[PDB]
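Engineer: Data file model.pdb (PDB, C-alpha atoms) is appended below.
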```
MODEL        1
ATOM      1  CA  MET K  88     137.173  79.910  31.123  1.00  0.00           C
ATOM      2  CA  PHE K  89     136.419  83.556  31.908  1.00  0.00           C
ATOM      3  CA  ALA K  90     136.911  86.510  29.563  1.00  0.00           C
ATOM      4  CA  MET K  91     136.907  90.237  30.320  1.00  0.00           C
ATOM      5  CA  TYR K  92     137.650  93.728  29.002  1.00  0.00           C
ATOM      6  CA  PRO K  93     140.859  95.837  29.011  1.00  0.00           C
ATOM      7  CA  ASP K  94     139.175  98.621  30.996  1.00  0.00           C
ATOM      8  CA  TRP K  95     140.199  97.361  34.439  1.00  0.00           C
ATOM      9  CA  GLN K  96     142.073  99.643  36.834  1.00  0.00           C
ATOM     10  CA  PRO K  97     144.854  98.720  39.318  1.00  0.00           C
ATOM     11  CA  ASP K  98     144.017  98.435  43.019  1.00  0.00           C
ATOM     12  CA  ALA K  99     144.854  96.678  46.287  1.00  0.00           C
ATOM     13  CA  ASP K 100     143.392  93.493  44.806  1.00  0.00           C
ATOM     14  CA  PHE K 101     146.285  93.448  42.337  1.00  0.00           C
ATOM     15  CA  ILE K 102     148.902  93.272  45.091  1.00  0.00           C
ATOM     16  CA  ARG K 103     146.714  91.204  47.414  1.00  0.00           C
ATOM     17  CA  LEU K 104     146.011  88.506  44.827  1.00  0.00           C
ATOM     18  CA  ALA K 105     149.541  88.650  43.419  1.00  0.00           C
ATOM     19  CA  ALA K 106     151.034  88.279  46.895  1.00  0.00           C
ATOM     20  CA  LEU K 107     148.858  85.224  47.517  1.00  0.00           C
ATOM     21  CA  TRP K 108     149.391  83.858  44.005  1.00  0.00           C
ATOM     22  CA  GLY K 109     153.118  83.740  44.728  1.00  0.00           C
ATOM     23  CA  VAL K 110     154.364  87.150  43.613  1.00  0.00           C
ATOM     24  CA  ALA K 111     155.992  89.780  45.825  1.00  0.00           C
ATOM     25  CA  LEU K 112     155.626  93.224  44.252  1.00  0.00           C
ATOM     26  CA  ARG K 113     158.141  95.719  45.636  1.00  0.00           C
ATOM     27  CA  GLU K 114     158.263  98.572  43.121  1.00  0.00           C
ATOM     28  CA  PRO K 115     155.132 100.107  41.509  1.00  0.00           C
ATOM     29  CA  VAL K 116     153.800  98.669  38.250  1.00  0.00           C
ATOM     30  CA  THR K 117     155.201 100.083  35.008  1.00  0.00           C
ATOM     31  CA  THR K 118     153.158 101.235  32.013  1.00  0.00           C
ATOM     32  CA  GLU K 119     155.153  99.134  29.547  1.00  0.00           C
ATOM     33  CA  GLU K 120     154.415  96.044  31.640  1.00  0.00           C
ATOM     34  CA  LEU K 121     150.706  96.743  32.115  1.00  0.00           C
ATOM     35  CA  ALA K 122     150.209  97.779  28.489  1.00  0.00           C
ATOM     36  CA  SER K 123     152.101  94.684  27.346  1.00  0.00           C
ATOM     37  CA  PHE K 124     149.739  92.339  29.187  1.00  0.00           C
ATOM     38  CA  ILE K 125     146.711  94.158  27.775  1.00  0.00           C
ATOM     39  CA  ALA K 126     148.272  94.182  24.306  1.00  0.00           C
ATOM     40  CA  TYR K 127     148.512  90.391  24.120  1.00  0.00           C
ATOM     41  CA  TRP K 128     145.307  89.927  26.116  1.00  0.00           C
ATOM     42  CA  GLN K 129     143.224  91.880  23.599  1.00  0.00           C
ATOM     43  CA  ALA K 130     145.279  90.693  20.627  1.00  0.00           C
ATOM     44  CA  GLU K 131     144.706  87.078  21.662  1.00  0.00           C
ATOM     45  CA  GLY K 132     140.933  87.438  21.772  1.00  0.00           C
ATOM     46  CA  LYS K 133     140.681  84.234  23.793  1.00  0.00           C
ATOM     47  CA  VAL K 134     139.465  83.211  27.249  1.00  0.00           C
ATOM     48  CA  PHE K 135     141.286  82.062  30.386  1.00  0.00           C
ATOM     49  CA  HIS K 136     140.000  80.495  33.603  1.00  0.00           C
ATOM     50  CA  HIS K 137     140.542  82.039  37.037  1.00  0.00           C
ATOM     51  CA  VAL K 138     143.416  79.704  37.912  1.00  0.00           C
ATOM     52  CA  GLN K 139     144.927  80.330  34.483  1.00  0.00           C
ATOM     53  CA  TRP K 140     144.891  84.056  35.221  1.00  0.00           C
ATOM     54  CA  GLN K 141     146.717  83.643  38.532  1.00  0.00           C
ATOM     55  CA  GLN K 142     149.455  81.600  36.855  1.00  0.00           C
ATOM     56  CA  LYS K 143     149.692  83.810  33.764  1.00  0.00           C
ATOM     57  CA  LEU K 144     149.984  87.059  35.722  1.00  0.00           C
ATOM     58  CA  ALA K 145     152.169  85.327  38.313  1.00  0.00           C
ATOM     59  CA  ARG K 146     154.689  83.670  35.994  1.00  0.00           C
ATOM     60  CA  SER K 147     154.595  86.828  33.871  1.00  0.00           C
ATOM     61  CA  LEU K 148     155.654  89.189  36.660  1.00  0.00           C
ATOM     62  CA  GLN K 149     157.781  86.495  38.300  1.00  0.00           C
ATOM     63  CA  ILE K 150     159.868  85.564  35.258  1.00  0.00           C
ATOM     64  CA  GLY K 151     159.550  89.105  33.940  1.00  0.00           C
ATOM     65  CA  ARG K 152     161.166  90.844  36.903  1.00  0.00           C
ATOM     66  CA  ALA K 153     163.921  88.238  37.184  1.00  0.00           C
ATOM     67  CA  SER K 154     164.819  88.918  33.552  1.00  0.00           C
ATOM     68  CA  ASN K 155     164.310  92.683  33.747  1.00  0.00           C
ATOM     69  CA  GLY K 156     167.840  93.865  34.466  1.00  0.00           C
ATOM     70  CA  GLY K 157     170.268  94.773  31.709  1.00  0.00           C
ATOM     71  CA  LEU K 158     168.119  94.917  28.582  1.00  0.00           C
ATOM     72  CA  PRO K 159     165.164  92.610  27.717  1.00  0.00           C
ATOM     73  CA  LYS K 160     165.665  91.838  24.027  1.00  0.00           C
ATOM     74  CA  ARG K 161     167.177  88.445  23.222  1.00  0.00           C
ATOM     75  CA  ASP K 162     167.547  88.818  19.453  1.00  0.00           C
ATOM     76  CA  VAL K 163     168.470  85.397  18.069  1.00  0.00           C
ATOM     77  CA  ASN K 164     166.171  85.301  15.035  1.00  0.00           C
ATOM     78  CA  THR K 165     165.264  82.100  13.185  1.00  0.00           C
ATOM     79  CA  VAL K 166     162.448  80.900  15.444  1.00  0.00           C
ATOM     80  CA  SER K 167     159.305  78.832  14.889  1.00  0.00           C
ATOM     81  CA  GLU K 168     157.245  80.891  17.338  1.00  0.00           C
ATOM     82  CA  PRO K 169     157.828  79.522  20.883  1.00  0.00           C
ATOM     83  CA  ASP K 170     154.805  78.482  22.943  1.00  0.00           C
ATOM     84  CA  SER K 171     156.528  79.041  26.290  1.00  0.00           C
ATOM     85  CA  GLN K 172     157.606  75.398  26.507  1.00  0.00           C
ATOM     86  CA  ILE K 173     160.257  73.815  28.734  1.00  0.00           C
ATOM     87  CA  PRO K 174     159.468  75.457  32.119  1.00  0.00           C
ATOM     88  CA  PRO K 175     162.096  76.268  34.800  1.00  0.00           C
ATOM     89  CA  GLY K 176     163.160  73.960  37.614  1.00  0.00           C
ATOM     90  CA  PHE K 177     166.104  72.815  39.722  1.00  0.00           C
ATOM     91  CA  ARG K 178     168.058  70.622  37.305  1.00  0.00           C
ATOM     92  CA  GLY K 179     170.296  68.078  39.005  1.00  0.00           C
TER      93      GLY K 179
ENDMDL
END
```
Show this structure as structure tokens.
Structural biologist:
Amino acid sequence: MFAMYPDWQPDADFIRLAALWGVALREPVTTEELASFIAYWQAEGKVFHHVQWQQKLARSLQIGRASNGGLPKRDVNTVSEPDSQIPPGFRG
């Protein structure tokens, strides 16, 4: 894997890589979104490979924007801590 520090700044590489990774960024990046990623990134204290980073940041902004509409909350309670299982698909 490959670790890093939360002192990185946004640049063209962010949109360039994201666009190639499979993410089309239209509107500028928000602070809540950026801070969120850094919050879990530093809180995790783990390491992720290059490919893992592309997928993490990709699926994060991909599934994040699609959900970002009315109000991202989803308060159901009674959960055993989900590990992001059961990915999306076509379902037929």
Engineer: Work out how far atom CA of residue 107 of chain K is from atom CA of residue 123 of chain K, in Å to one decimal.
Structural biologist: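 Separation between atom CA of residue 123 of chain K and atom CA of residue 107 of chain K: 22.5 Å.
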Engineer: Around (157.1, 87.4, 45.7) in the file's frame, which residues reach within 12 Å when counting only C-alpha atoms? Return as a PyMOL selection string?
Structural biologist: chain K and resi 102-114+145-146+148-150+152-153
Engineer: Which is closest to residue 99 of chain K among K:115, K:179, K:157, K:169, if we use only C-alpha atoms?
Structural biologist: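 Distance minimum relative to residue 99 of chain K lands on K:115.
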Engineer: Going by the chain IDs and residue numbers used in this file, which residues fall under the PyMOL selection byres ((chain K and resi 90) around 8)? Write them as JSON, numbers by chain.
Structural biologist: {"K": [88, 89, 91, 92, 133, 134, 135, 136]}
Engineer: Please write the residues from the selection above to a file, keeping C-alpha atoms, as a tab-separated table (two decimals), keeping the file's coordinate frame.
Structural biologist:
```
chain	number	residue	atom	x	y	z
K	88	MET	CA	137.17	79.91	31.12
K	89	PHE	CA	136.42	83.56	31.91
K	91	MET	CA	136.91	90.24	30.32
K	92	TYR	CA	137.65	93.73	29.00
K	133	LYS	CA	140.68	84.23	23.79
K	134	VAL	CA	139.46	83.21	27.25
K	135	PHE	CA	141.29	82.06	30.39
K	136	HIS	CA	140.00	80.50	33.60
```
Engineer: Give me, please, the distance in Å between atom CA of residue 93 of chain K and atom CA of residue 128 of chain K, quoted to one decimal.
Structural biologist: 7.9 Å
Engineer: Provide the atom CA of residue 120 of chain K to atom CA of residue 140 of chain K distance in Å, to one decimal place.
Structural biologist: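 Distance reported for this atom pair: 15.7 Å.
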Engineer: Ranking K:158, K:141, K:177, K:151 by minimum distance to residue 101 of chain K and counting only C-alpha atoms, which one comes first?
Structural biologist: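 So, comparing all the options, the nearest one is K:141.
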Engineer: Could you add N, CA, C and O atoms to segment 129-143 of chain K and give me the result as a short mmCIF file (atom, residue, chain, number, x, y, z; two decimals), keeping the file's coordinate frame?
Structural biologist:
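As written to disk, result16.cif reads:
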```cif
data_model
loop_
_atom_site.label_atom_id
_atom_site.label_comp_id
_atom_site.auth_asym_id
_atom_site.auth_seq_id
_atom_site.Cartn_x
_atom_site.Cartn_y
_atom_site.Cartn_z
N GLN K 129 144.22 91.46 24.58
CA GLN K 129 143.22 91.88 23.60
C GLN K 129 143.55 91.31 22.22
O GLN K 129 142.65 90.97 21.45
N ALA K 130 144.84 91.22 21.91
CA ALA K 130 145.28 90.69 20.63
C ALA K 130 144.97 89.20 20.51
O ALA K 130 144.73 88.70 19.41
N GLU K 131 144.98 88.51 21.64
CA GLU K 131 144.71 87.08 21.66
C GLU K 131 143.23 86.80 21.38
O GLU K 131 142.89 85.88 20.64
N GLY K 132 142.36 87.61 21.97
CA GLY K 132 140.93 87.44 21.77
C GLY K 132 140.45 86.07 22.21
O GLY K 132 139.55 85.50 21.60
N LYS K 133 141.05 85.54 23.27
CA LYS K 133 140.68 84.23 23.79
C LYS K 133 140.09 84.36 25.20
O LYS K 133 139.73 85.45 25.63
N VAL K 134 140.01 83.23 25.90
CA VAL K 134 139.46 83.21 27.25
C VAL K 134 140.33 82.35 28.17
O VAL K 134 140.83 81.31 27.76
N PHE K 135 140.48 82.79 29.41
CA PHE K 135 141.29 82.06 30.39
C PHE K 135 140.54 81.92 31.71
O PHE K 135 139.88 82.85 32.16
N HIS K 136 140.66 80.75 32.33
CA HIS K 136 140.00 80.50 33.60
C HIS K 136 140.63 81.34 34.71
O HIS K 136 141.62 82.02 34.49
N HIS K 137 140.04 81.28 35.90
CA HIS K 137 140.54 82.04 37.04
C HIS K 137 141.95 81.58 37.41
O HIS K 137 142.86 82.39 37.56
N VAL K 138 142.12 80.27 37.56
CA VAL K 138 143.42 79.70 37.91
C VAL K 138 144.46 80.04 36.85
O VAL K 138 145.62 80.31 37.17
N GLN K 139 144.03 80.02 35.59
CA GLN K 139 144.93 80.33 34.48
C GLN K 139 145.42 81.77 34.57
O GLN K 139 146.55 82.08 34.20
N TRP K 140 144.55 82.65 35.07
CA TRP K 140 144.89 84.06 35.22
C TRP K 140 145.95 84.25 36.31
O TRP K 140 146.89 85.02 36.13
N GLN K 141 145.78 83.55 37.42
CA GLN K 141 146.72 83.64 38.53
C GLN K 141 148.11 83.20 38.11
O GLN K 141 149.11 83.82 38.49
N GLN K 142 148.18 82.13 37.33
CA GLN K 142 149.46 81.60 36.85
C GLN K 142 150.06 82.49 35.78
O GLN K 142 151.26 82.75 35.78
N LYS K 143 149.23 82.95 34.85
CA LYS K 143 149.69 83.81 33.76
C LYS K 143 150.29 85.10 34.31
O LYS K 143 151.42 85.46 33.98
#
```
